[PDB]
Amino acid sequence: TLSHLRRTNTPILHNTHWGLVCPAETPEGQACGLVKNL
Amino acid sequence: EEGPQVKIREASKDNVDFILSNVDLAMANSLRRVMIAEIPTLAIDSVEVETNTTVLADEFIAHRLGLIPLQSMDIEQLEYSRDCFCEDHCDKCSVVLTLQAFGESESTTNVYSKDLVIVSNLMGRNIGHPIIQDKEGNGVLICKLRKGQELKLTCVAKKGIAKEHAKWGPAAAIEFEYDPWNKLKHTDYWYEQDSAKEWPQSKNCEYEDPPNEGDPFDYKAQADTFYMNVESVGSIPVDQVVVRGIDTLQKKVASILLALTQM
Amino acid sequence: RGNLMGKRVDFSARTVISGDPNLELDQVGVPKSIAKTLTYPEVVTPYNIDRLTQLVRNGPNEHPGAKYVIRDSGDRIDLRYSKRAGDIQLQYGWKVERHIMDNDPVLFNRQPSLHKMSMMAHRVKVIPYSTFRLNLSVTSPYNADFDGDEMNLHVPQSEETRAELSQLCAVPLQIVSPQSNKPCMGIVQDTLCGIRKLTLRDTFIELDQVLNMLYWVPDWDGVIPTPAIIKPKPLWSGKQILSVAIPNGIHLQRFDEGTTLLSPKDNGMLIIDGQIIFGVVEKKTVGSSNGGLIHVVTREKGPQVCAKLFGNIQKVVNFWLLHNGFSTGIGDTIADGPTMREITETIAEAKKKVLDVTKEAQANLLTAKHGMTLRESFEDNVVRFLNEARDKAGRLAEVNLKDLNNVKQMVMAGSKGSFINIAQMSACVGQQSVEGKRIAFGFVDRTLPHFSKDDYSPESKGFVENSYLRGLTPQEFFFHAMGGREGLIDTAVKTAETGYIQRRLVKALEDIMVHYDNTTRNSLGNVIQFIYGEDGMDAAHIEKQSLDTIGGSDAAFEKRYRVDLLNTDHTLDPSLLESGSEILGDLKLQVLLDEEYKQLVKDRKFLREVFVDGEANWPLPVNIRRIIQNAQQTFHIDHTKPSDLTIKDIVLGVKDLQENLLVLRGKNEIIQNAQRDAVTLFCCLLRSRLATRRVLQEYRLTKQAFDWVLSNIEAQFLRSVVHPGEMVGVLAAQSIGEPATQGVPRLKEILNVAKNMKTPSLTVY
Amino acid sequence: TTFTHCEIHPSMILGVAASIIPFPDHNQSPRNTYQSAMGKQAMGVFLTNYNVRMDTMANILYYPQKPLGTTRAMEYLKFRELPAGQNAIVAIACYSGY
Amino acid sequence: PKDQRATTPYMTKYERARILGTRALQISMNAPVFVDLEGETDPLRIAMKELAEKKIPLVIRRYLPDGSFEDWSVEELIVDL
Amino acid sequence: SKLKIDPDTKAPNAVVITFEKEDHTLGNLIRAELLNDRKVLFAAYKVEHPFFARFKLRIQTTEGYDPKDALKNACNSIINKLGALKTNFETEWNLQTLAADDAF
Amino acid sequence: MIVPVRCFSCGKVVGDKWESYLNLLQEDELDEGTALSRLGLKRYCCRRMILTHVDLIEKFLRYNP
Amino acid sequence: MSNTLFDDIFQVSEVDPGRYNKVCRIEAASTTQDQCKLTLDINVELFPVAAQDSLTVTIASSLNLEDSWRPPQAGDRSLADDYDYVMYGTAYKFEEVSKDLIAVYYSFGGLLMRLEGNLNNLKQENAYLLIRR
Amino acid sequence: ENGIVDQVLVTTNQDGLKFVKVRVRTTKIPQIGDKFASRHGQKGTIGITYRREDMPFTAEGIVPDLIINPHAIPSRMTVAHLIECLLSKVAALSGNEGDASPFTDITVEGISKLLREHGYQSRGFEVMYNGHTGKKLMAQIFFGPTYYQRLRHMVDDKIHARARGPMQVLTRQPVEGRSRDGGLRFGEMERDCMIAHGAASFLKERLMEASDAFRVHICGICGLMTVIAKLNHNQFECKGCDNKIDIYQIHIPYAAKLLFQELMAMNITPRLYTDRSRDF
Amino acid sequence: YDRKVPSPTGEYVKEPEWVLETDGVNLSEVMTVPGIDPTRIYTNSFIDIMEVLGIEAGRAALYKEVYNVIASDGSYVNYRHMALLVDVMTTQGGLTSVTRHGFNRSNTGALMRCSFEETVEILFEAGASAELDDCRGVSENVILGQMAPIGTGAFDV
RNA sequence: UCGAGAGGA
Ligand SMILES: [Mg+2]
Ligand SMILES: [Zn+2]
Ligand SMILES: [Zn+2]
Ligand SMILES: [Zn+2]
């Protein structure tokens, strides 16, 4: 739950993301690099 | 006797440490394993639930109960359900006890193994009594109850072997070692610079002569001396564990011989 | 698409896979539950009704049983809901759905079904747990992984399928995958690693285990090998041990630059009659490489032996590890201060150079490299620089690795080895790159808030100084992560993009097949090739061989070929043959020597035209070299005595063999011309390696033996002819689908004509 | 330098699941990513009131354990109170060949 | 065109397999067994054995692109597979 | 049924025997014992798979000496050894108990 | 949940010392290792089971039912 | 009981560990025979060879009859066992050294021996290396 | 279905419609092949179990719980999986909760330094013994505690097989759904490889014998599925063609039979014939 | 760069060579340039090469570049497979594509054609064209459910 | 019955 609550969707990684969304926590598949977590 | 020579360095109701020489590796390894696996003993098998008003799940509880150590002096006097011709169970091959507890005060009620009440008759056989190493004698903490939780159930324990299921494990642990000086070169110590400093010396080292750098490798050497510290959970005294394991291995070999004669 | 080109089916199962060292190649662990759910409708016969009757008596509730009995009238009797299992009497022609038993040929499938290797049948080996067992080795061609992969099951219902499968997809039968003329599989993982320790010179084994491994080997000859060590103590060699496993008659002979008949490093590999002498067993020998042991055994014996070979090799290696053991640890990664210090200066050595060039560029003194922008060239040298230091650091780290280092041991064996790993593992991880470029200024004139604007220091643009063991600084960690997503994206994108590419290709070549006339057409009968692959030879029997007539100086080939029976320049030694002066001075034979020489001379220039690259190694049918050694060993030929051969016998035989190289059958000259064309290259080499001079001085064979070679050659040559009816296009397509999974959009650019090219360029000599 | 501000702690850059990753700064990036992913499929305990909650697809470990090497983020995560897994004893070696 | 047939005398592995399969089929039907039984209860092994010592009365009508055909008796074919 | 004894086919004076409901426990012991015989020419064992307590063991001996008798003598020696070990342990333990009657 | 009964590694019984364990931890204000040593858990295979266990049952009992 | 076709004493020219813990590569010069040079891999661990040692080196052309490989315990009756480091294997190769010597090659389970002898006209498949000293 | 009754709840919606919720429970005991994952991305499945004795044991008589292949580690570049084991081990000996947070001064040196103080190999090696002979293992093993977890994918929840089960109506094809006795979707690929093998018959078998097999009757006059089949009378006729003699039985896929019927709905005349009009 | 030039002694030797590499493609003009080897000139744009030189020459040209792509990753497959595909791509006297506008735009059996990426569209054309398929096709046979005349089924016993 | 979503290989 903890992550999924903080989960973020990208309707279909840049430096700015640094300090905003975990560069690691990303799903697989097409969503990989699209769905982010805070 | 001229057979394997035994020298107990330390003995305790929990564990016994000794040295075994005048024997080959195989016999020592076999002794270790037979002690580990082949020992008849008593363990809870059947759990019948009268009522569970506890947070914990029934099967959770029964699982834990299965781990309770038991008085197992005379298990030999006890038999196997497989052999016994009684239905379900009977004293000749099983022991019956019960647990009935009920929350009384709001404070947590700690249900321990001491609460266990033997029902079946031991025939005076030194078996079944729960084993308690508690200083307070409370026994194993079976579970915990709320202000008014009720838990009543019946248990039937039977004679089985750890090999069949670890719940019949009388052997808590087995320290085992030999050639502390590695005079047999059975291992190449890994190291960055020097194994001698990087590796610590086993305590047994002090009881054997340190090797000499100029000595040629005595390829004829064999692992004769052995160090063994056997620790039991508490079901049976260590000495009984050793004796009984030896006896079981003897029985196995004797059965092999009997089969040979039968063919 | 969903109903005809693909559908659900029955008599099938799918579950997760599990390993078994104790299992054979064509055997598979079958979960008992599945067997209790899958049966076979066998037809009652006099030779099986007995066990069938008993199986019926067993019923559906027993593991070796049956579920239904089918009368000739179609009465599919249910034994599940009937006591008739003890009452029905079987009649011939009745069908009974017999519970699948062991030895039953059955088919697997690992998804996605990338290509052919995905489809092998095996033999049933029931097991009491709920998952499949697979012999380790098969996984690679399966592209399997035991992370939890599932695999499909297909159970044939008609015996014709049984045989059909048993002769077309049986594991050993495809041991060599014709996509790359190399073994489809090989020894892998621990076994590959363990052998290295086992086969290493330094190893020795006590009799206790030697007794054990012998009976551990299933097909052991039952013969006690002699210990290599006698007086101080009885002992054997791992090499000895592995040799026992190998079947006799094997004569793999690999040389390396370190091969000197002494090989203190025991490089290369040399075995005689299965007795190992030189070379530590390495991936190049027991791996999937074509030049390794397995490939040779495949042709010298045949597939049905190699299956035993694997298990024999396999079972041993695991055992010897069982009583040795093998592990790793951080110590395998740590190095000494000196090593790290040297690395430290190495990095700083580069950094200043980067700084030096940086100032140079800041000076506007660095010039633009030809046809390239100073900005990029400035970077190009920079990124270049960082590469060497990272490279040398691992180099330096590699030098100081101890033999005890398990990973080093792991890499030296080649089991999943990678130099860059240890370097990154031990030394600086190295520069991170994305689109092959440094970290771009995602921020205004910078990348991260921790850097002033307009800075290009190595670290400032994504360099990594610390090692994995040292722990990445946040700056490093972030940069390193950035490159990760890049690889991750292409990981998923390929899993779909390749399939689309793959799907098109299969259809593109679907109706492409080989015709009995040794030709290729489409479903419309439109010719594709007049001779399949232009040689009519199956790739499955082709491997790279030397073309000796190409290389060497002009003076050289004459010396190693030309022989003169009249003059001193190329005087044949009479002792080479039982006939001496009877031959010398013989112009008639000297003539016979002539046409060969000119014929070879024609070939040399001809091949020069064929291979303008000068390369003298190419895939060809039938390893002539290998056969020669077999002949030598075939009768342990005394290479120190004159032979009964005569030049005429030598000359006629090669001519005769050439005639015998008949692939085509049309007696019309037109077909005959093609036949000559097909074997053109192969016959040239045949002449080369069969040159009388080579045949006499180097290959001192008997007349009986020499002929046996000719008969031997033709036998294989015929066996190597491509079979007809081959669905080659499908195979070829799969030959392309596989490497696609591992530039690629460039391929897609090829498949789709797409006149609008991306990167137009010219090559002008 | 003229630093204007300072991260209260670099670890803050990390993510929820990644927070469970020990010494993440020593592993290779995508490996870290995957671990975060499986963190959504490992069992443990969801909530203390499971008995009250009438739901499906429950999975409660018989004996949850707190990892030996924790992370400072955890005591906010409460993962110490609500962990998921066991500190098992692992042997990195080849023993039976399976 | 049985005379001057333009193809090899060698059996094709596919041809071998089909022959084996057909014989296994007819054996499973309990067709007249051409060989003595050496305990080879497997019909597949019975077929393999008949293949080994050459007692199959079958002829393959092999096809060509033009639709023309050559009839080759297993007797005519050479077994090296 | 626990013991299936067959003669070997690859060497004379040799036999292969299978023990059911058994594992290496008795295996290594008996194997070393037989290896300690002068008249045995070969001995070894294994298991088809971990899934069973099926224990297959091959041996070979000199002419005129029954391998089955070799097993019998081995077992007799082993039981004698075990009796001696047990008695040594009993004496050692009685003395160690006299010592440990004060500290357990 | 609740303290396991036997050492996962040894099988050595431990579901009796939790009470004394907390007693030493709080009443004797000792560090974990000190008590564990006082508890006879010489082998870290045993120590682990006790160093990590988190008592959840006490929280479950907080619910009225 | 043997018919060894070779026998000579070799002074150890050099001893090379070769990055191995039990075996060393060894070179030696035949005493009195400048034309006979020996290269040999020896398990020094069991045979504490030293530099300059003079070893009795011969090959059991015939098996040294003690009077499938027969078991150990071949010390019951007496044979050419007075040697200290006795190996067995095969004649690897018979390279001809300028028609004057034969740099014959031997393997002992992978342990290798090379010797130059046209003088020592020995030829067979397998024999034993007998080393006394 | 395997379990027992845990709890049953009976209630109604706001509308008073009665509703019942039933909870059942079971305990899953780790089976072979079950997925496990590390705290570092290392994953895998259970291979095979043993009894405590069988596994290699320490001089101090400690039995490992789980065993992993060393080869996995270095190739995957996952040092921390080792590091935690070091620090964790020290934690257990020191009995002090560990700290795995990143970018800290913690390093192997102090970790290993501390370990040696406890009296253990600074790199975590230990001398093991074969669990079958007891002979000391020539190599030394990396050994210590670690935090692992159990993933939802249960092997017993994956197994699935069937034969001659219910078949889905629209196409008479095998039904789908593990709970519903689903088949395996034989895709385009498999047959492709089969074609590579060339086992056409075994291709014919599956697509036909597995499913879609069906007998049909065709008019020679028009290759159209319009044959009246009075099997009760053995009487046949093609109205329009009014032919009672040019009837032939054919086995075609049931789904394909629909396609033609679909095609005949398309107004197309894909007439079929068993007699090639071409001569040569 | 060097080349594998057979030396006058008969042995191939390293011969350094200057070669111009440039962006864009215009063979028409460069081919007229003096001081070069027009015969050895090569480029990536096979499509132009075919136009410049010929379909058959391009066929070989395609192999070279395709070989380069496969060779680019260091993997290897037999010459035959690579040759087979490209040759098919040119049997129609032109650079056929594997796309919906090439291979699909064939004159083969419709049922074969329909199953690629376009089904319904072609189906109308067949009836419009009154086309008839031979049944020799595999998928057509698959649709029929009959043993395709291939491999094990490429003959009658 | 369809639709969506999560997840695996
Ligand atoms: Mg997987
Ligand atoms: Zn009873
Ligand atoms: Zn423990
Ligand atoms: Zn009609």
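**Looking at the protein's contact with RNA strand K**
- Near RNA strand K the following residues occur: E28 of chain A, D147, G148, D149 and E150 of chain C, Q41 of chain D together with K35, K43, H153 and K158 of chain I.
- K35 of chain I is positioned such that a nitrogen or oxygen atom in its side chain is 2.4 Å from a sugar or linking oxygen of RNA strand K.
- The class makeup of the residues in the surface near RNA strand K is no nonpolar, three polar and seven charged.

**Remarks on the pairing of strand β12 (residues 226–232) of chain B**
All names here are of chain B.
- Within β12, six of the seven residues are buried, which leaves it mostly tucked inside the rest of the structure.
- Sheet topology note: the strand β2 (residues 15–21)/β12 ladder contains six bridges and is antiparallel. Considered in β12, the bridge of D17 is made with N229.
- For strand β11 (residues 171–177) and β12, the ladder comprises six bridges, and the chain directions are antiparallel. Residue pairing for β12: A173 is matched across the bridge by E231.

**Thoughts on the packing of helix α15 (residues 474–508) of chain C against helix α4 (residues 188–197) of chain I**
- α4 of chain I packs onto α15 of chain C with a crossing angle of 45° between their chain directions and a minimal axis gap of 12 Å. Comparing their axes, α4 of chain I and α15 of chain C come out oblique. Crossing handedness for the pair α15 of chain C and α4 of chain I: left-handed. Here α15 of chain C contributes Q502, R503, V506 and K507 of chain C to the contact with α4 of chain I, which in turn contributes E188, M189, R191 and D192 of chain I.
- For the contact of α15 of chain C with α4 of chain I, the residue count by class is two nonpolar, one polar and five charged.

**Considering the interface of chain D and chain B**
- Chain D puts four residues into the contact, and the matching count from chain B is five residues.
- Counting the surface lost from both chain D and chain B, the interface buries some 430 Å², and carbon and sulfur atoms represent 55% of this.
- Our enumeration of links across chain D and chain B arrives at three residue pairs in polar contact.

**A few points about the coordination of the zinc ion (ligand 3)**
Residues and elements named next belong to chain G.
- Listed as protein donors to the zinc ion (ligand 3) are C7 (SG), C45 (SG) and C46 (N); their distances from the metal cover 1.9 to 2.7 Å.
- Mapping the donors of the zinc ion (ligand 3) onto the primary sequence gives the spacing C-x37-C-C. In this pair, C7 is assigned in the segment before α1 (18–27) and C46 in helix α3 (residues 44–52), connecting sequence segments 39 residues apart.

**What to know about the sheet that holds strand β18 (residues 513–515) of chain C**
All names here are of chain C.
- Strand order in the open sheet formed by three strands is β18-β19-β20, with antiparallel pairing between adjacent strands. Pairing within the sheet leaves two strands with one partner each, and these edge strands are β18 and β20 (527–529). For this sheet the average axis-to-axis angle between neighbouring strands, irrespective of direction, equals 45°.
- Examined bridge by bridge, β18 and strand β19 (residues 519–521) share three bridges and lie antiparallel to one another. Its bridge partner being in β19, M513 is matched across the sheet by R521.

Scoring rules and cut-offs
- Residues numbered from 1 in each chain as written, not as in the entry; some residues may be left out.
- Chains lettered and ligands numbered in written order.
- Part of a larger assembly, values for the part shown.
- Heavy atoms only, no water.
- Residues with missing side-chain atoms left out of burial classes, pairs and counts.
- Near = heavy atom within 4 Å.
- Polar contact = N/O pair within 3.5 Å; in protein donor to acceptor, adjacent residues only side chain to side chain.
- Nonpolar A, V, L, I, M, F, W, Y, C, P; charged D, E, K, R; others polar.
- Buried < 20%, exposed > 50% of the residue type's maximum accessible area, 1.4 Å probe, protein only.
- Helix = DSSP H or I, 4+ residues; strand = E, 2+ residues; numbered from the N terminus.
- Pairing = 2+ DSSP bridges.
- Axes fitted to C-alpha atoms, helices over the stretch in contact; angles between N-to-C directions.
- Parallel < 35°, antiparallel > 145°, perpendicular 65-115°, else oblique.
- Left-handed = near helix turned anticlockwise from the far one by under 90°.
- Contact = heavy atoms within 4.5 Å.
- Buried area = accessible area lost by both parts, 1.4 Å probe.
- Donors = N, O, S within 2.8 Å, 3.2 Å for Na, K, Ca; no water.

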